[PDB]
Amino acid sequence: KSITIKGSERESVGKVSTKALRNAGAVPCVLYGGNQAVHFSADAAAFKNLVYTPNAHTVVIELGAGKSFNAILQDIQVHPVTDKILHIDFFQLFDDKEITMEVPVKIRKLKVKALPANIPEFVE
Amino acid sequence: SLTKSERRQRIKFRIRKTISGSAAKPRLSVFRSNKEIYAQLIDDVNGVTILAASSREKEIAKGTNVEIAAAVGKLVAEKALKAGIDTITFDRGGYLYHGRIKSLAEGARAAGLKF
Amino acid sequence: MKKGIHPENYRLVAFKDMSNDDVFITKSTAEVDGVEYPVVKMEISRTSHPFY
Amino acid sequence: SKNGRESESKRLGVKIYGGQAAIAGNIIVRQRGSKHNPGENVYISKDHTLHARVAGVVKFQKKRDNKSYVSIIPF
Amino acid sequence: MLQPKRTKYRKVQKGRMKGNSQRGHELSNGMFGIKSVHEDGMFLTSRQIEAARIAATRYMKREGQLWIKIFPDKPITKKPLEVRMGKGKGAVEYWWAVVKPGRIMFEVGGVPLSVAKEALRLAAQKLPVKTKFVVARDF
Amino acid sequence: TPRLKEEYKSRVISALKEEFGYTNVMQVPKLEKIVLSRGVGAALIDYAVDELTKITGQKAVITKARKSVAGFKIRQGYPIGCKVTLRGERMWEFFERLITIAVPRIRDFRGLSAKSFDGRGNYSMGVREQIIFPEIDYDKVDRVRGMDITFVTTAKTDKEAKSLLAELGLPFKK
RNA sequence: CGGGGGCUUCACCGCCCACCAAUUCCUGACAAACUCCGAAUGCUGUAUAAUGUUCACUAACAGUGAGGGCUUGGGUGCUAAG
RNA sequence: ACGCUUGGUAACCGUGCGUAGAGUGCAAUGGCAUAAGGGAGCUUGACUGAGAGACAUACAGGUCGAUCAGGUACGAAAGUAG
RNA sequence: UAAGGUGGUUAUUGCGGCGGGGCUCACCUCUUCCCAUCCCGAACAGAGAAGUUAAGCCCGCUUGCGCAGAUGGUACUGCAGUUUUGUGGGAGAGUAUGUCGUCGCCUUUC
């Protein structure tokens with residue numbers, strides 16, 4: 001399966017920017033793997049269908065002015081006392097990298113390495 | 001360090017820990033080997049090597065290695081006493097001061113090059 | 001070697017066997033002269049018994 | 001109790017730093033063991049104290065597997 | 001009771017716990033757990049730990065395990081009564097563990113949600129911390 | 001001058017050149033040393049030194065201990081060792097006489113242990129010191145204990161090893 | 001890997017079975033007297049920019065040497081105490 | 001770790017792996033393998049007259065220390081040794 | 001171009017594996033002499049050049065073990081008020097990733 005995520009490229013990076021971003025229900029995320037790491041922001045609503053689901057998805061990052069990024073969820077940071085998402089880190093996929101992922105077994109999760117288009121949804 | 005080269009590198013290290021040389025009074029390194037022993041005058045404070053002698057030239061007569069080393073020492077002494085170098089600090093390069101090394105040192109001491 | 005520590009009785013001696021009359025001249029530290037050197041008369045040499 | 005004893009401090013630490021001037025006999029570092037090794041124009045004493053040899057500017061320049069080599073640039 | 005078999009030193013100073021534990025706030029090997037949502041650090045003692053463990057184990061008789069992601073590693077002393085202030089530290093009274101806001105203490109893997117909520121609710125009534133019931137994201 | 005050195009350099013070089021897929025002459029294994037040692041469980045019993053400097057024609061050493069394990073009351077620094085080393089034509093003569101006489105004189109001598117190799121190419125064999133060696137007279141001896149002879153060679157594998165030995169007088173129980 | 005325990009028997013002999021269980025690998029995580037790492041601040045030196053004896057030295061004369069509250073970092077005490 | 005009579009993987013020996021887990025008389029800390037740890041040869045500088053300059057500093061005290069002169073020990077020599 | 005000697009550079013420079021080479025380097029043969037083994041020409045020292053790239057050594061490849069390592073976020077923290085916070089500094093760990101070195105001086109060579 002695959003999900004889509006419309007983000008907004010961050011124009012300022014720092015502490016004041018992150019504070020003003022989290023004071024509006026947004027989540028700063030980073031995406032790396034290609035030419036340079038791109039920092040964007042999600043509305044904290046594109047998730048809850050990618051993070052809290054017990055399945056393996058692939059995100060299609062669309063910054064509007066940019067293009068499809070075809071990322072995979074790699075890193076998540078949560079708050080200790082509130083369980084709120086603080087930061088997400090995505091890994092790009094273009095055509096072939098023998099990417100490594102975690103796939104849930106079907107009758108916890110096994111690590112697999114496969115081409116971007118040859119990843120299984122569940123192993124048996 | 002027991003491969004006949006690491007053993008010599010250790011000696012060279014604990015000799016160079018105290019032996020060095022400036023433009024005046026440079027260092028005299030020796031290299032033995034199975035044949036054709038070599039010697040060289042190095043300036044460790046600034047890089048460039050001053051001179052170098054070896055038993056490969058039209059000046060050495062064939063014979064025993066001790067006599068060859070004495071001749072090489074005389075040659076390097078006569079070559080170094082041209083520009084004005086009068087003092088040297090003779091190191092060993094990881095070789096015991098006995099035999100060809102001592103012969104080279106005595107051949108250099110019979111000539112000038114106060115050391 | 002180092003002269004003055006090792007035994008100087010390390011000479012050439014014969015090991016003439018008794019069964020097959022085989023004489024082997026070796027160097028060891030060991031009786032009397034057999035032909036031209038001391039001799040050690042024994043029972044079983046390298047070629048005396050099976051498994052050899 | 002049985003824990004009421006201690007000894008006076010030896011006032012160790014780092015004397016003249018790596019940007020200041022010293023003279024022919026200025027103590028540079030007081031140590032317990034050669035953790036700051038001597039470099040150029042700097043020697044070590046019996047008590048592993050670093051002394052200057054000539055007047056100049058101190059320079060630490062940690063190197064060679066994280067080992068301080070205090071030296072003096074003459075001036 | 002849970003306590004180290006031996007240790008280097010007998011008496012330990014009573015430090016200062018600054019909250020928001022940045023390590024140990026995620027579920028692993030279990031899908032349900034209880035986490036501290038207090039405002040300051042606390043000392044969980046071995047008696048409380050054993051009481052909560054046995055209370056959670058009497059429920060769900062033989063189904064699933066009970067992972068305890070904590071250990072009472074530090075000794076807390078107490079001088080006897082009717083003694084004036086100061087003749088040295090007192091004898092070690094008990095052993096406790098530092099719990100900072102966000103730390104997860106108990107976990108259950110086997111039982112379903114309907115039983116794992118009741119068991120953890122029954123166990124949380126023996127701890128001196130405000131606890132919330134957390135479930136894993138991959139569930 | 002010895003027999004086995006000439007025999008080696010005359011036949012065994014060419015023997016090991018074939019049947020093993022070797023190309024260079026400096027690739028065939030050779031015997032480096034025959035160092036033989038003997039332990040002493042007496043923590044003035046150093047007659048083993050004089051015993052060992054009779055069958056080799058070469059002086060031995062003492063090799064004071066290093067570990068101070070109080071189980072045996074060793075008190076590290078004791079004469080418990082002999083450790084006489086032979087790595088020359090002395091070793092060639094000793095190995096010659098050993099393999100030709102007093103090795104085939106053990107009570108029910110069925111050869112040697114074919115699996116006594118340590119995997120690196122060396123061969124450690126222990127003998128029980130009978131009257132086998134024709135250097136002692138069995139008259140003024142205290143029934144000295146055996147030895148732990150060790151042939152160190154140049155061979156790299158155990159398969160390549162044991163061939164230089166089977167090409168010599170040592171029987172490997174087969 | 002091996003030791004303790006049940007049956008089979010001349011043979012703690014050749015076996016069959018369940019627990020405490022060396023070494024190795026994977027995870028979760030503690031320490032003032034642990035550190036492969038490691039800040040902010042503070043300290044030192046040079047120059048500059050603001051303020052001008054506030055600095056330093058000599059002589060003479062003193063008093064003080066029972067302190068306390070509040071904020072912060074700690075030890076002890078029961079994360080008690082004006 | 002692998003081999004070998006006593007000898008037992010904890011005595012000695014042989015071959016590999018082993019940056020330091022050993023040792024440094026005696027507590028702890030710091031340091032040390034290009035050794036401050038171990039061995040062999042020769043020796044007594046564990047000398048005389050002394051202290052450029054610093055670190056601690058109520059005082060009394062304390063610590064490190066470079067050149068020079070007179071004669072020595074080792075070393076082929078540099079050089080080291082108060 | 002290639003090799004040998006000798007230095008600077010905190011392993012991105014090391015360890016291992018796979019192939020190639022020998023005017024110089026190295027094994028290699030001997031112990032009368034100089035020299036040495038708490039036993040051994042094993043090591044050191046000397047006398048030689050029958051053989052050899054087998055090894056040491058040098059080249060080319062290898063992300064394998066090591067070593068280095070971001071951007072972003074977080075912890076922590078100086079100053080000001082306070083339940084909140086605002087201004088600056090900003091880790092450690094982890095991820096992507098990089099690395100099979102580089103810079104001089106002499107002698108023989110092309």
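These numbers come from the heavy atoms of this one structure, side chains and all, not from hydrogens, waters or symmetry mates. The sequence lines fix the lettering, A, B, ..., with proteins before strands; numbering per chain opens at 1.
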Could you give the distance from [atom1] ([X]) to [atom2] ([Y]), rounded to the nearest 0.5 Å?
X	Y	atom1	atom2	result
C:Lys2	F:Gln58	NZ	CD	10.5 Å
F:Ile132	C:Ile44	CD1	CD1	10.0 Å
C:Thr29	F:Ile136	OG1	CD1	10.5 Å

Measure the acute angle between the ring planes of C:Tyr52 and F:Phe109, then classify it against the limits of 30° and 60° as parallel, tilted or perpendicular. tilted
Min side-chain heavy-atom separation F:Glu93-C:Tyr10 under 4.5 Å: yes
Side chains of C:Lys27 and F:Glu96 in contact at under 4.5 Å (non-hydrogen atoms): no
Check the side chains of C:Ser28 and F:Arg97 for a donor-acceptor pair under 3.5 angstrom, ignoring hydrogens and angles. yes
Closest contact, heavy atoms only, F:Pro104 versus C:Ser45: CG-O, 4.1 Å
